[PDB]
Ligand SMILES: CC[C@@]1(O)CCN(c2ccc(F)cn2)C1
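Presented below, as structure tokens, is a lone chain in the form deposited without this ligand.
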């Protein structure tokens, strides 16, 4: 792909984080803690899952960023509406305001309803995410495999400002402690 020149500097929004997440000082890395991280509750925090939003809001234009997923067993990545549900149980779908892919149990899937199987021969260590607001497109790229396409959501109905979306996943297995990291431009 040739989307690199739309690169944006994403930072994580602490206030949106599930209370178990640990965000680095530079707001560019996040991981699952082994306990509640001693923050107050608020209406923005994702309560049921290890999720956090980027601080940036997008309502026009083309945007690109990269995320490091090295040695994780489970994660979700993409974008979502600013007004997605924060509390209780919900599925990641465009109907609920999410445009995401994930790794789960050694398979990759796109968060359509129902979910779509992805075909990845080279397990990615870094994922590229491209958003074209005007066109209604969200695309995912395998940076480990020379930028190969993973998935395109087209005919997207954003219906609001978008925010970068992250889920570090649970660590029930003891094999999923590694962080998500925003990669430098």
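Residue numbers count along the first chain shown, from 1.
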TODO: Would you tell me which stretch averages the higher CA B-factor in the PDB entry, 106-114 or 69-77?
DONE: 106-114
Task: Higher-scoring stretch by recorded Cα B factor average, 152-160 or 118-126 - done: 118-126
Open item on the list: Highest recorded C-alpha temperature factor, please, choosing from 167, 176, 24, 19.
Closed with: 24
- [ ] Would you mind ranking residue 135 by its C-alpha B-factor against the rest of the chain and naming the third, lowest, middle or highest?
- [x] highest
Open item on the list: Lowest, middle or highest third: which one holds residue 88 when the chain's residues are ordered by CA B-factor from the entry?
Closed with: highest
Task: CA B-factor ranking of residue 180, expressed as a third of its chain - done: lowest
Open item on the list: Split into thirds by Cα B-factor across the chain's modelled residues, where does residue 51 land: lowest, middle or highest?
Closed with: lowest
- [ ] Grab the CA temperature factor for residue 63 from the record and place it in the lowest, middle or highest third of its chain.
- [x] middle
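One more form of this protein exists, namely the form solved in complex with this ligand; it is left out here, but the text below deals with it.
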Open item on the list: Residue-level question: is residue 56 within 4.5 Å of this ligand in the deposited bound form, judged on heavy atoms?
Closed with: no
Task: this ligand contact at residue 178 in the deposited bound form, heavy atom, 4.5 Å - done: yes
TODO: Answer with yes or no whether residue 31 is in contact with this ligand in the deposited bound form, where contact means some heavy atom within 4.5 Å.
DONE: yes
- [ ] Indicate whether this ligand has at least one heavy atom within 4.5 Å of a heavy atom of residue 148 in the deposited bound form.
- [x] no
Open item on the list: Using a 4.5 Å heavy atom cutoff, which residues in 47-83 contact this ligand in the deposited bound form? It's fine if the answer is none.
Closed with: 70, 71
